[PDB]
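Survey of secondary and tertiary structure
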Amino acid sequence: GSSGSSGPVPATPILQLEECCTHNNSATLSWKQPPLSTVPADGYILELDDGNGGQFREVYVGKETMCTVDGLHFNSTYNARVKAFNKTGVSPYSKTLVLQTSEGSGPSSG
């Protein structure tokens, strides 16, 4: 480290999943900064696995506080996580958020 500049990574965002009970197959993410967030953030990076249970990759990144993904498999567990990033570096992923998807069946009954 150095002894000149002082600015630690931005406080990790809080996964406030709200969009869960929907007809479509899109998981809207609307995280939020903690009440103790002392370090300002410049952006946030999203991550989600391919419902396989391996490694997490980047899905979105910017300066917004609300982003959703389209085209999500059904009857398959999904693990997502959002983090903050700025000039400093990058914050650690949040608490693994599981998005239990309901059995996907074509629209027939009615």
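- Looking at the PDB entry, one finds the protein chain named Tripartite motif protein 9, isoform 2, with Homo sapiens as its source organism.
- This entry's official PDB title is "Solution structures of the fn3 domain of human Tripartite motif protein 9".

As for the layout of surface pockets
- Approximately 420 Å³ is the volume attributed to the largest pocket.
- Partitioned by chemical class, the residues of the lining of the largest pocket number 10 nonpolar, 10 polar and 2 charged.
- Of the volumes computed, that of the second largest pocket is approximately 260 Å³.
- Around the second largest pocket, the lining comprises 19 residues; the ones closest to its centre are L48, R57, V59, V69 and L72.
- Taken together, the elements giving at least two residues each to the lining of the second largest pocket come down to β1 (26-29), β2 (43-48), β3 (57-62) and β4 (67-70).

Details of the pairing of β2
- For β2, a buried count of 6 out of 6 residues is recorded, marking the element as mostly surrounded by other parts of the structure.
- Neither face of β2 is open: one carries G43, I45 and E47, the other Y44, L46 and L48, and all of them are buried.
- As paired strands, β2 and strand β5 (residues 79-85) are joined by 6 bridges and run antiparallel to one another. In the strand pairing of β5, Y44 is matched with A84.
- Relative to β3, β2 is paired through 5 bridges, and the arrangement is antiparallel. When the sheet's bridge partners are listed, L48 is paired in β3 with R57.

Cut-offs applied
- Residues numbered from 1 in each chain as written, not as in the entry; some residues may be left out.
- Heavy atoms only, no water.
- 1 Å grid on protein atoms, 1.4 Å probe; cavity = no way out; pocket = protein on both sides within 12 Å on 5 of 7 lines; lining within 4 Å.
- Points joined across faces, edges and corners; volume = space filled by probe spheres on them.
- Nonpolar A, V, L, I, M, F, W, Y, C, P; charged D, E, K, R; others polar.
- Helix = DSSP H or I, 4+ residues; strand = E, 2+ residues; numbered from the N terminus.
- Buried < 20%, exposed > 50% of the residue type's maximum accessible area, 1.4 Å probe, protein only.
- Pairing = 2+ DSSP bridges.

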